[PDB]
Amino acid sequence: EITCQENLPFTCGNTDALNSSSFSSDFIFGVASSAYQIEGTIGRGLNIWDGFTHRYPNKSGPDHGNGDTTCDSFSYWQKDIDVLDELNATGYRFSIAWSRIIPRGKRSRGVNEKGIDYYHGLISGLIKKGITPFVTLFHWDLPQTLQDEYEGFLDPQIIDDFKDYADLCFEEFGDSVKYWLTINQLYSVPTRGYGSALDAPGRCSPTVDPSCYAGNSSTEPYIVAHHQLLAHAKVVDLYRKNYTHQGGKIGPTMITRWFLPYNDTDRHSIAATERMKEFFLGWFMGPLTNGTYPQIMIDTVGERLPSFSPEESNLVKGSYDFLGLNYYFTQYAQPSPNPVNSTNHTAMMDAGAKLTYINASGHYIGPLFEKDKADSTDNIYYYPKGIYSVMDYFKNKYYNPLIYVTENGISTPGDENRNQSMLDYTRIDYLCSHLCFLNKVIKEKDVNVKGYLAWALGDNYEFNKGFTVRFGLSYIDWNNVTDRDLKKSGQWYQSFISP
């Protein structure tokens, strides 16, 4: 019988009590990264994250930091493999930068052979050390040309350009890569990129953020989300029809949260909690499992919600071999009005829910996750049981999928000095507490989870945050990025993996 802790102090850092042998022998353990965040711009074309961080430097991070050099994994990829080798990792999730292999976006314009060679070297080096690559095709870094031609995922032209890029990736790398992820966190770009404009490309309605160059926060998230689903499904069909000989698997990446009622005896809060599940997860999972959006979304969003043709619905339904689930935290939900006529209306308001980390009785959900220096009342708190709740929900609601946990992690402040940053016991506590729950849900509920990839390998540029937060299991000195030195968390994870 398995007992996991929910509140400080945790005792799961003791690898006598919890380690990789606690899981099935075939279970994959590793870490994750993404190309904009680690590589640098050397050797590639420009993408919308270059464009957004440079046009809107105060949106790049409080420090105006960006991915121009970052940890220089373009130069130092072998040091990344050395970290993974130190960990005795068996998996690594990384992303391919579209702008590194097709700098001009559209494949017919030419490929960058040196870009292709970069990834071939990485992949060969991973396999040589027994590490399974899990390769994300699109981790938000769209070639800027495509955004400038047709506004990227706002336009249906993206589908064929994405398809041709994916086709290249499978042709060049698929003899060695057997686990492909299509689009990172389906919910994020529509909402943050086209709703709040916190992320690239930075579009929104004028009174949401007057700095936005264009947009409509009420309509564009739904347009973009729909095109992401269609683009995803077209690539999954190409993979499964034309690359079956490679013997690999493909799926999307979801951002997952759990939701609990703000007041668990209030029917309105209970209803807002269930709406949130449909609006946050079901927006994509409904299409992926049924070929239709959730009914609550159909009813609420009305003419703003695009339709799938019969052909499209069939393409999108069942378009995954597995799901990559990212999980960080859980929120309480309460009702909130949805003022569809307000010039500052956003798609995110359609769920009719207000999200908090404190419930109506004043209970904070768990330990501190991310301090908000500007407003402490908006600190994020985590909830280790949430990973259990999410996985059980996916099994029960979404047809018992094969799952890999493709991100899970926690930041420490960039204001900390090196010693403080290396003594990242808060990161041990977060990671172990979630792995305890993950083990528990696999044993208790028989959820088909087959690996776990902690975010992140190393400190890197974090979207929105610059270098103001560190998420790495290994530390990077921004004055001299060559080394990646295992933190306390990295050392811990090494022992968890090989106890």
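Numbers follow the displayed sequence, beginning with 1.
Here 85-93 and 338-346 are compared by their mean Cα B-factor, and 338-346 comes out higher. Mean CA B-factor, 214-222 versus 69-77: the higher value falls on 69-77. Per the deposited record, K443 carries the highest C-alpha B-factor of all listed residues (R44, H434, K443, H54). Considering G105, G414, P287, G366 together, the PDB entry gives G414 the largest C-alpha B factor. In the PDB entry, a CA B factor belonging to the highest third of its chain's modelled residues is recorded for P306. For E39, the recorded CA temperature factor ranks within the lowest third of the chain's modelled residues. Ranked against the other modelled residues of its chain, the C-alpha B-factor of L126 as given in the entry falls in the middle third. Among the modelled residues of its chain, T207 has a C-alpha B-factor that falls in the highest third according to the deposited record. The PDB entry assigns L438 a C-alpha temperature factor belonging to the lowest third of its chain's modelled residues.
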